[PDB]
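One-letter residues, chain by chain:
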Amino acid sequence: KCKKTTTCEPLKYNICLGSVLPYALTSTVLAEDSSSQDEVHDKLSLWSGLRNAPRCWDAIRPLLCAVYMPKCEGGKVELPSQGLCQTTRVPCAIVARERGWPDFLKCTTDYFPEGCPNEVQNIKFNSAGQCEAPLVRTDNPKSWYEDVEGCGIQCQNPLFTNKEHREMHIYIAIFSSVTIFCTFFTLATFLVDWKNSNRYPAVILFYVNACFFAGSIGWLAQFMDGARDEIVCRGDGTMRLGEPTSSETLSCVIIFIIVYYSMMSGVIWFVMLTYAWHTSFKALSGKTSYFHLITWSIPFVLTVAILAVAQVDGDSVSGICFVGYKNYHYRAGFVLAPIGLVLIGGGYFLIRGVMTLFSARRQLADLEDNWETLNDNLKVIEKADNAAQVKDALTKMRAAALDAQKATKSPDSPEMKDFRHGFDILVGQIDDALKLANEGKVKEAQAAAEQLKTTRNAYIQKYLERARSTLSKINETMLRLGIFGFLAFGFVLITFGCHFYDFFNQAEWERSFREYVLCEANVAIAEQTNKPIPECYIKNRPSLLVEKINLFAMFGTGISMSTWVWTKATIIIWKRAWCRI
Ligand SMILES: CC(C)CCC[C@@H](C)[C@H]1CC[C@H]2[C@@H]3CC=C4C[C@@H](O)CC[C@]4(C)[C@H]3CC[C@]12C
């Protein structure tokens, strides 16, 4: 009979000599030189050396597959046919010459019954139409998926259909367009006034927007007439993997270099910005030539490293080439680590900056408090009847004015000498009015308070109104740094979240995809043999919404840094260049 009784075990390898197996179970009973599937892989590795004889290899492939890795299903294994065995004797007679034929490979009808339907005869080892979606026939050995011969992994992402590709593409279109023209607006602002806007750290924003401009250029390069397929796909319609590979158009690695280098420089310029802010608050242009070197070297070294390990992969969905798609331990290495360190450092100099800021924010506010006390107490004194209120409020004025005088790089400067003298006059007159108030003389002290008013205006109002507008500037800086802080931290948190999700479930997504590939590989043979075919699908796939969020995060960063130039002071600068008369 064409069937033998044995226990079916799962295929440890779903490929038989470069050809996908349409079944999932096998048995090592027919392979009388093997007891386990590991042994089977060893013996087939021994048979592998016969591939240098295409004439024999072509004819011995189906026999070897039908014997060593047969289809087991429901406790039954199908034995290879007599004809199949006879198709091997004539061309592979060489095997009989050197070492002879194994007894289980001899065409004895007990091993190879006559007229038995075999599942392998349907399989074509040289793929004319064997290549089944998501695989495309490529004769280039650098594109072949795993060990499979003739078939390569298709270019377009086999996890998302066209209907999703168009969606994500128009999404990226919109966002990257907004970013490219916003960044272009910032650039144009700091460029038309290149003579007046070239200052630190105001030019650091210009550099950030420059980087995020180049990056968005790289992101938009995929929208030309047939450029996308030129960047993402190889010459044989298989997705570019492990780039840069030899003898392939550099249309991919260029885009990768653009996107990645521009991104990394664009996010190290953040650290430079925070440092520049801290040093600006702590007080200069002595280290202004050293920031460049870091911000251009580190992304360069990183990019060169990625090109050195050749881990540039092409994505049809995003429409670009980026690091660590296939191997997710590279994206976490070259994206999450630098961005993370950037977050740490920039955060450090941010909080340092707002500490250097908070230390003065309290001082100025205290001086203002003293002034407040002076004003309200003068309000009470000028308009009062009881001579106790005058004494009290004059004492309070004395305390407040004394406390204000005890404030501060040179305490011996002529300004500090003068400022304290005014409070000497004020405190003195306050004490005179105090002497008047103690003796019960109400209206005399009240009349001696107007002296305090005119003296307040003359000697104190100067420095006060000088340090009155600063509390607005300091608060504006504080709140805009609050903005930048709680925004950048948000973006980093979100992108770290997305990247971590993909990093988490990529271990399962590959499993699902592989199972799917095997399933459709079964469908291929199952169709052209009038056999019942099973519906195949992907068990689980990456969420498009997550990628949407990540893109929204990075492009959101690209937009939020372009918004910084959007001020009322900018709009008028444009007019100076061409207003004429
Ligand atoms: C004819 C001359 C050039 C020798 C060619 C050697 C190669 C092509 C062939 C000839 C005979 C073949 C062997 C025949 C018998 C066996 C025993 C089996 O359990 C393992 C495979 C093994 C070991 C084969 C390996 C491949 C083999 C060694």
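Rules used in this analysis
- Residues numbered from 1 in each chain as written, not as in the entry; some residues may be left out.
- Heavy atoms only, no water.
- Residues with missing side-chain atoms left out of burial classes, pairs and counts.
- Core = buried A, V, L, I, M, F, W, Y, C linked by side-chain atoms within 4.5 Å.
- Buried < 20%, exposed > 50% of the residue type's maximum accessible area, 1.4 Å probe, protein only.
- Helix = DSSP H or I, 4+ residues; strand = E, 2+ residues; numbered from the N terminus.
- Contact = heavy atoms within 4.5 Å.
- Expected span 1.5 Å × (residues − 1).
- Arc of directions from axis to C-beta.
- Patch = residues over 30% accessible without salt bridge, like charges linked within 9 Å, V, L, I, M, F, W, Y side chains within 5 Å.
- Areas by Shrake-Rupley, 256 points an atom, 1.4 Å probe, with all protein chains shown as cover.
- Salt bridge = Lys/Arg side-chain N within 4 Å of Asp/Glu carboxyl O.
- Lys, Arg positive; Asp, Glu negative; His and termini not counted.
- Charge placed at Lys NZ, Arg CZ, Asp CG, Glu CD.
- 1 Å grid on protein atoms, 1.4 Å probe; cavity = no way out; pocket = protein on both sides within 12 Å on 5 of 7 lines; lining within 4 Å.
- Points joined across faces, edges and corners; volume = space filled by probe spheres on them.
- Nonpolar A, V, L, I, M, F, W, Y, C, P; charged D, E, K, R; others polar.
- Axes fitted to C-alpha atoms, helices over the stretch in contact; angles between N-to-C directions.
- Parallel < 35°, antiparallel > 145°, perpendicular 65-115°, else oblique.
- Left-handed = near helix turned anticlockwise from the far one by under 90°.

By the method listed in its record, X-ray crystallography, this PDB entry was determined to a resolution of 3.9000 Å.

Colleague: I'd like to hear about the nonpolar core, residue by residue, with values.
Modeller: In terms of nonpolar packing, the biggest core is built from 63 residues, with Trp219, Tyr260, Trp269, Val323 and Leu551 touching the most fellow members. Taken together, the elements giving at least two residues each to this core come down to α5 (162-192), α6 (202-220), α8 (251-282), α9 (291-309), β10 (320-323), α10 (328-382), α14 (470-527) and α15 (544-560). Each residue touching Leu551, except ones within four places of it in the same chain, is listed here: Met168, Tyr171, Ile172, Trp219 and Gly556. Counting 33 residues, the second largest nonpolar core, distinct from the first, contains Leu17, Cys65, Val120 and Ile123.

Colleague: I'd like to hear about helix α11 (residues 387-405), residue by residue, with values.
Modeller: Taking 1.5 Å per residue as the helical rise, α11 with its 19 residues ought to reach 27 Å, and the 27 Å between its terminal C-alpha atoms agrees with that figure. Those residues of α11 that sit buried are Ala387, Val390, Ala393, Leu394, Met397, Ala400, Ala401, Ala404 and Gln405. Relative to the axis of α11, the buried residues are bounded by an arc of 145 degrees and lie together on one face. Structurally, α11 contributes buried residues whose contacts are with α10, α12 (414-438) and α13 (442-466).

Colleague: Describe in detail a negative patch on the surface, supporting the description with residues and values.
Modeller: Side chains of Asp366, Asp369, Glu372, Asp376 and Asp403 sit close together on the surface and give a patch of like negative charge. No other element matches α10, which puts 4 residues into the negative patch. Exposure remark for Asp366: the relative accessible area of 41% places this residue in the partly exposed category.

Colleague: Which residues make up empty space enclosed by the protein, and what values go with them?
Modeller: Which parts of space are left empty comes out when a probe the size of a water molecule is rolled across the atoms. In this structure, the largest cavity occupies an estimated 110 Å³ of space. In terms of lining, the largest cavity is formed by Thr179, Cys211, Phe212, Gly215, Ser216, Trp219, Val259, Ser262, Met263, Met554 and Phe555. Counting only elements with at least two residues in the lining of the largest cavity, the list comes to α6, α8 and α15. Across the lining of the largest cavity, the residue classes break down as 7 nonpolar, 4 polar and no charged. In this structure, the second largest cavity occupies an estimated 100 Å³ of space. Around the second largest cavity, the lining is made up of 18 residues, and of these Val20, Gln130, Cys131, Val148 and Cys151 lie nearest the centre.

Colleague: Kindly report on the packing of α10 against α13, identifying the contributing residues and their values.
Modeller: With their axes 10 Å apart at the nearest point, α10 and α13 run at an angle of 160 degrees to one another. When the axes of α10 and α13 are compared, the pair comes out roughly antiparallel. Where α10 crosses over α13, the two elements pack in a sense that is left-handed. Residues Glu368, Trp371, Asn375, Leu378, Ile381 and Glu382 of α10 form the contact with α13, whose participating residues are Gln446, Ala449, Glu450, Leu452, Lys453, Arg456, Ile460, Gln461 and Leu464. For the contact of α10 with α13, the class distribution of residues is 7 nonpolar, 3 polar and 5 charged.

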